[PDB]
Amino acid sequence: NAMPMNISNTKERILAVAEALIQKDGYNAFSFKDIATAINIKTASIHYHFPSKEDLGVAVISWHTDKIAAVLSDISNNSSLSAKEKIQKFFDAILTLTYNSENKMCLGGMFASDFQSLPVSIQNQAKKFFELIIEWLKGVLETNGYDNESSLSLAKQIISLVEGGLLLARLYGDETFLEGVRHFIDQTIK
């Protein structure tokens, strides 16, 4: 029956806005003060949950990866979808989280661009994000009858194209960069 009220706690609201800021502007272009101002809490309440910016960075990527893992799991466990349809829906899921949501970039892509400036803890979480995506893509493609080598190569082309397509689409509002990703999928996969 009655559940607890659906109010986001302070930690969750910090994570959600940090995620948004990183996706829009990049890790080296937001501060705790930006978050405090955005959701009207004390900057000291941010330091409370995340003593350093690094702590928040690690936690944001970890949370985001968990969310994407669930989304992907739901696609690959859908028995009515062909392998090709799973890849198509993967791209739709990325669009929902990126270009469609206030012209955001992929969180992973943003950290990849900033990689050399990041603490190692964040670097390692960013690598984990891509490893999860690539493994998921490779696995789906293996169910389509592709051999191991071809599955890994195509998985890497697909994520490269997704990242580069999003990067360029969001500069111009030029959807054709994103259409190109879909065209590659549709023309390359069986």
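We number the residues from 1 along the sequence you see.
Novice: Hey, which bit's got the bigger mean C-alpha B factor in the entry, 140-148 or 32-40?
Specialist: Stretch with the greater average CA B-factor: 140-148.
Novice: Give the stretch, out of 62-70 and 161-169, with the larger mean C-alpha temperature factor in the deposited entry.
Specialist: Between 62-70 and 161-169, it is 62-70.
Novice: Among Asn77, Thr96, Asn103, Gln116, where is the Cα B factor highest in this entry?
Specialist: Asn77 has the highest C-alpha B-factor of those listed.
Novice: Sort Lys127, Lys53, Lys156, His49 by C-alpha B-factor from the entry and give me just the highest.
Specialist: Answer, based on the entry's C-alpha B-factors: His49.
Novice: Could you say whether, by C-alpha temperature factor, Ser121 belongs to the lowest, middle or highest third of its chain?
Specialist: Middle third, going by the recorded CA B-factors of the chain.
Novice: Which third of the chain does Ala83 land in by C-alpha B-factor: lowest, middle or highest?
Specialist: CA B-factor rank for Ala83: highest third.
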